[PDB]
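Novice: PDB entry and its sequence, pasted below:
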Amino acid sequence: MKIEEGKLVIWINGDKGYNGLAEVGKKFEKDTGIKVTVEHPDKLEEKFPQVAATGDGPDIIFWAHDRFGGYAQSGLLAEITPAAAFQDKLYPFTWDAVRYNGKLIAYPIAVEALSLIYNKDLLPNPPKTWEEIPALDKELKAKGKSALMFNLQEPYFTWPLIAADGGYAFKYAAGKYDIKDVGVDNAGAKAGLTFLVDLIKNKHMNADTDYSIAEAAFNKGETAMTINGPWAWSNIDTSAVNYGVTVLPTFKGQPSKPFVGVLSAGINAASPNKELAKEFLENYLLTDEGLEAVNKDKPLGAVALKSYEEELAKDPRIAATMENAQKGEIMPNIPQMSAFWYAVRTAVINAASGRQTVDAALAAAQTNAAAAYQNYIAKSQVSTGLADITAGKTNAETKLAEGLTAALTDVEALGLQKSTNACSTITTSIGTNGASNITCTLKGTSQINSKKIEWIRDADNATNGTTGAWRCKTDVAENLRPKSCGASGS
Ligand SMILES: OC[C@H]1O[C@H](O[C@H]2[C@H](O)[C@@H](O)[C@@H](O[C@H]3[C@H](O)[C@@H](O)[C@@H](O)O[C@@H]3CO)O[C@@H]2CO)[C@H](O)[C@@H](O)[C@@H]1O
């Protein structure tokens, strides 16, 4: 995990063209001798602040710009300062995306916006309005298909509809984003989410739907439409689907308003290789042939490099991406953005699944998004601590299945570390009778520091023939507890 000199480790999301990026990397490993590793860990954007607080992680992190103000405020990013000559090569508005407190803190790579993607053979005339979709879906179910499937687990995909009639994240006022003026619970935001939940209520889509099943359903021709970004075009290309990319539908006569992201590359503050990273980025990646290499793996969208974008912009698909982008807004990059996104994620999931009403869900989102910074941090650190031990359960169950002659107290044997950034110690006792605990002692903001979160397993019972269950317990305050953890008792 610690950073090696004379070497570059790069993190980029699994849905981007990382193999293409590794090719720019293997070429770098030719003109310099400097090796390049490209990895795509799960939840890298969450992992990065965890590992880079202790001087670990990649030399270079790729993500949309909205997460980078948080990174910068937390101290984790070197200021990038390119020559004015290099800046002339990228559109000014992309540099604006990656400027925080007047300093640039990442290189902008590409501009992304969601579009309506549709099956031309199945649906030659896609709907201009969201309101058209229930009837269209009814028609399509009769033929054994569906009108629309997209990822309901990430708020990024439902935001264009929430924003259509007036939802907003943070109000921009007197030259700054007002972090206490949140627009996720106004009338327009309410009407947007209501329309989505009505779709689900009336069985035109399924609350369960995630990225993989929507992508699979579309690329196999089972659904006529999906909502996605340019990175998804590659997989459809290898499919038998004749698809188009077009303007998102309107809602109450209003354009859908996607939050537009700028894929960006940050340089780790603890990296020994800030100059090697700067040259890889400026003189290998951000060139026509570097971007082309990444693009032919998975399309980047409208790239920041003027020279290359001139060609790319002749693609009707990229013209559709930019049309949608113009109807939406470039995301803020302020630190409160992740609090906003986590708040809206829960709201959409809870409303869609029927656990809360739309008004209740958005009311709670408004409070969570406008919460004080330590509140968001405390919830995050507790969640992280829990994730740091949850992998231990499954492995514990495999050991119990073989049978134990002695209680197991080695957390390594469960695939766990003895400590993490969120857990000052991780301990375990997997008992011979199944009674067990895997315990995180939490470390971070004073609200949760030295509290415990743990998985508790009851004993199996051989006389009764019963198997013990797992329960998440914590002595953290109730309003800070994650979903499905309760308090402890004795
Ligand atoms: O939902 C919780 C989630 O919120 C935040 O994730 C947001 C991203 O920061 C934001 O950029 C956008 O992510 C999308 C990418 O821009 C796009 O390139 C592609 O990868 O799809 C992404 C969405 O799946 O939207 C998400 C919110 O959905 C936060 O950073 C995450 O840590 C958090 O898990």
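Specialist: Done, it's in. Numbers count the residues shown, from 1 in each chain.

Novice: Just the CA atoms of stretch 12-25, as CSV, please.
Specialist: The C-alpha coordinates for stretch 12-25 follow below in CSV (Å, rounded to 0.1, in the frame of the first residue of the first chain):
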residue,chain,number,x,y,z
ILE,A,12,-9.4,4.4,-12.3
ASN,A,13,-12.9,3.1,-12.2
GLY,A,14,-13.9,-0.3,-13.5
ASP,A,15,-16.3,1.2,-16.0
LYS,A,16,-13.6,3.2,-17.9
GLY,A,17,-11.0,2.2,-20.4
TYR,A,18,-8.3,1.0,-18.0
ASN,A,19,-6.8,-1.6,-20.4
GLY,A,20,-6.5,1.2,-22.9
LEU,A,21,-5.0,3.3,-20.2
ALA,A,22,-2.5,0.5,-19.4
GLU,A,23,-1.4,0.6,-23.1
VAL,A,24,-0.4,4.3,-22.6
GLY,A,25,1.3,2.9,-19.5
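
Novice: List the buried residues in that stretch.
Specialist: By neighbour count on 16 or more other Cβ atoms under 10 Å, the buried set for stretch 12-25 is 12-13, 15-18, 20-25. C-beta coordinates here come from the backbone N, C-alpha and C atoms, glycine included.

Novice: mind putting the residues you listed in TSV, distance to the ligand and secondary structure included?
Specialist: Shown next, in TSV, are these (distance: Cβ to the nearest ligand atom, whole Å; DSSP: H, G, I helix; E, B strand; the rest coil):
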residue	distance to the ligand	secondary structure
12	10	coil
13	5	coil
15	5	coil
16	7	coil
17	12	coil
18	12	helix
20	15	helix
21	14	helix
22	18	helix
23	20	helix
24	19	helix
25	20	helix
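
Novice: and which of those is nearest residue 459?
Specialist: Using Cβ to Cβ, residue 13 comes nearest to residue 459 of these, at 42.0 Å.

Novice: what's the spacing between that closest one and residue 1?
Specialist: Going from residue 13 to residue 1 by Cβ to Cβ, to the nearest Å gives 19 Å.

Novice: Count the neighbours of residue 88 for me.
Specialist: Residues lying near residue 88 (other Cβ atoms under 10 Å) number 10.

Novice: ok, now the one 4 residues further on?
Specialist: Counted with other Cβ under 10 Å, the burial measure for residue 92 works out to 8 neighbours.

Novice: Which residues belonging to the helix or strand containing residue 426 are considered buried?
Specialist: Taking DSSP states H and E as the criterion, residue 426 maps to strand 423-430. For strand 423-430, the neighbour count (16+ other Cβ under 10 Å) marks 423-424, 426-428, 430 as buried.

Novice: out of those residues, who's nearest the ligand?
Specialist: Checking the buried residues of strand 423-430 against the ligand by Cβ to the nearest ligand atom gives residue 423 as the nearest, at 19.3 Å.

Novice: and the residue nearest to residue 93 when sequence neighbours are not counted, bridged to which residues?
Specialist: Among residues not flanking residue 93 along the chain, residue 330 sits closest, at 7.3 Å (Cβ to Cβ, 6 or more residues apart in numbering). Residue 330 has the following beta-bridge partners by DSSP bridges: residue 260.

Novice: got a list of what residue 330 touches?
Specialist: By Cβ atoms under 8 Å, 6 or more residues apart in numbering, the contact set of residue 330 is 93, 96-97, 259-262.

Novice: Keep only those residues that also lie close to the ligand.
Specialist: residue 261 (Cβ under 6 Å from any ligand atom).

Novice: Which of the contacts of residue 330 are buried? Put it as a ChimeraX command.
Specialist: Applying 16+ other Cβ under 10 Å to those, the buried members can be selected in ChimeraX as follows:
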select :97,259,260,261,262
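
Novice: what's stretch 67-85 in contact with?
Specialist: Residues contacting stretch 67-85 (Cβ under 8 Å, 6+ apart): 45, 48-49, 52-53, 61, 98, 100-101, 103-107, 264, 266-271, 274, 278, 282, 332-335, 337-338.

Novice: Can I get the buried part of these as one PyMOL selection?
Specialist: Of these, the buried ones go into a single PyMOL selection, burial set by 16+ other Cβ under 10 Å:
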select buried, resi 45+48+49+52+53+61+98+100+104+105+106+107+264+266+267+268+269+270+271+274+278+282+332+333+334+335+337+338
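
Novice: chain center to whichever helix or strand residue 276 is part of: distance?
Specialist: Residue 276 is part of helix 274-280, with elements assigned from DSSP H and E. Mean-position distance between helix 274-280 and its chain equals 26 Å (Cα atoms, centre = their mean, to the nearest Å).

Novice: Tell me which other helices or strands the following helix or strand past that helix touches.
Specialist: Counting by DSSP H and E, the element after helix 274-280 in chain order, helix or strand, is helix 288-297. In terms of contacts (3 or more Cβ pairs under 8 Å, 6 or more residues apart in numbering; DSSP states H and E), helix 288-297 is packed against helix 18-31, helix 306-312.

Novice: CA atoms of helix 288-297 as CSV?
Specialist: Taking Å, rounded to 0.1, in the frame of the first residue of the first chain, the C-alpha atoms of helix 288-297 are listed here in CSV:
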residue,chain,number,x,y,z
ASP,A,288,-4.2,12.7,-29.4
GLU,A,289,-2.8,9.1,-29.4
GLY,A,290,-3.0,8.7,-25.6
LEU,A,291,-6.6,9.8,-25.5
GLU,A,292,-7.4,7.7,-28.6
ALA,A,293,-5.9,4.6,-26.9
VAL,A,294,-8.1,5.1,-23.8
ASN,A,295,-11.1,6.1,-26.0
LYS,A,296,-11.0,2.9,-28.2
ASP,A,297,-11.2,0.8,-25.0
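
Novice: Centre of the chain to it, how far?
Specialist: The answer for helix 288-297 is 23 Å, by Cα atoms, centre = their mean.

Novice: next one: stretch 240-247
Specialist: Distance of stretch 240-247 from its chain centroid, counting by Cα atoms, centre = their mean, is 25 Å.

Novice: In terms of helices and strands, where is the spatially closest residue to residue 282 that is not a sequence neighbour?
Specialist: Excluding its sequence neighbours, the residue lying closest to residue 282 (Cβ to Cβ, 6+ apart) is residue 86, at 5.8 Å. Taking DSSP H and E as the criterion, residue 86 maps to helix 84-87.

Novice: Tabulate the CA atom coordinates of that helix in CSV.
Specialist: Output of helix 84-87 as CSV, limited to C-alpha atoms (Å, rounded to 0.1, in the frame of the first residue of the first chain):
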residue,chain,number,x,y,z
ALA,A,84,0.3,28.1,-19.7
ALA,A,85,1.2,26.5,-23.0
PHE,A,86,-0.3,23.2,-21.8
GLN,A,87,-3.4,25.0,-20.5
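
Novice: I'd like the next helix or strand past it.
Specialist: Sequence order places helix 92-97 as the next helix or strand after helix 84-87, per DSSP H and E.

Novice: before we move on, the earlier item: so which elements touch the following helix or strand past the strand holding residue 426?
Specialist: Note on strand 423-430: by DSSP H and E, the next helix or strand toward the C-terminus is strand 436-442. Counting by 3+ Cβ pairs under 8 Å, 6+ apart, the packing neighbours recorded for strand 436-442 are helix 373-402, strand 423-430, strand 452-457.

Novice: Let me know which of the ones you listed is tucked in deepest.
Specialist: Greatest average neighbour count among these goes to strand 452-457 (a mean of 22), per mean count of other Cβ atoms under 10 Å.

Novice: and for that strand, what are the contacting residues?
Specialist: Contact with strand 452-457 is made by 382, 385-386, 389-390, 392-393, 396, 430, 434-442, 468-476, 485, as judged by Cβ under 8 Å, 6+ apart.
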